[PDB]
């Protein structure tokens, strides 16, 4: 469950948050494959509650009504077509699996769901599964409200209702079997693994019992005996009884300390600075590298949900965000996930965004297609971070340096730092208020290299900055603090 199952030499996944299946399939073919992306995390593919107040929020997708593959992203046929077309070009698909709970206990009964299935939360009736009152934890929870009241009590965190969401009885074999049926349907289609949503709210032993029922990956694309890649969402920032390490038996775990601390460093908040990143990783108290799923922001914390945190960097602070993402992709710690977002009407009212619920770009609830502008950016209000040159070219940097040791570290005692990955790549950052200009040891063979942050290599020339590495591996770097991108990266495949 720890191996990504990506094609050899592809090292990252991109979260195409709320994108339609037909758009993802085209994106695999035209962009992700030739650019070396390993895989795509998709939003929940299972039928959910259509919530009309507020209007079609992104979060309605975390309120399941059935395991039918019918959502605003498209139907079962479109889902199958996407997975096929992606695997056929060597790009994997990872599913966001919502298995802790069904919908909110106070949603009205009826057929207001993305596939028209009837459901009755009040009587616990979900006949398209089917589930009944017998399949929920109402009798097991011991709080007055039936909802989670206290994160200091590990038992109620697992047995009671997260924010009123109907809590599935994952202790019983019937429920475990219905969930396993859904996941096996996905695996046979050609899915390479799963983000397990709300993992903190399930017993690690109940997750195990469901994963024991899973098939091996589809033998047309994957070697015999391949297991789905599993990464679990657990928010463990310290100081509560549940620990991310309680989940290592099942797969990888999301390391939320990563993006909170890196955002603080890059913003230079709290007395922190880039020279302290010399021991980034386990030195900062993070979980082991071989268990971590890392990221700068995710779909929750980029809009103040989940753990939130003011330090989080997102597309909305583009200049610092590209640097943070650039550091993450150059550094060997963890398995990396890049976010891909949409814009929404951000409106603050006593220091909270009251529009944090807004769903993807839409026409009366119908998801807008991803259009591609002539300069290769996206229209219709999709951000497409994954197509920003500085991010895409760092996704390739990580592939080119895969397996190479962290070496040749330099720092000025403040916010000018540089490091190498073996003899395959070198990266230089200026986050200080003055120019960085210095001759440094790169570890690279002699030659002319294109800086892949400012430009691209094409036809034996560069479109941006060029760096000249001499016979002893040294090169001069000059980065103004006023630079729009104040970092430089070169690697073995950017050499002329």
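Numbering follows the first chain given and starts at 1.
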query: Of 153 to 161 and 322 to 330, the one with larger mean CA B-factor; finding: 153 to 161
query: 137 to 145 or 72 to 80, whichever carries the higher mean Cα B-factor; finding: 137 to 145
query: Candidate residues 350, 232, 184, 100, the one whose C-alpha B factor the record puts highest; finding: 350
query: Options 393, 298, 254, 113 - largest CA temperature factor per the record; finding: 113
query: Cα B factor band for residue 428 (lowest, middle or highest third within the chain); finding: lowest
query: Chain thirds of CA B-factor: placement of residue 443; finding: middle
query: Cα B factor band for residue 386 (lowest, middle or highest third within the chain); finding: lowest
query: CA B-factor placement of residue 35, once the chain's modelled residues are sorted into thirds; finding: middle
query: Entry-reported Cα temperature factor of residue 496, expressed as the chain third it lands in; finding: highest
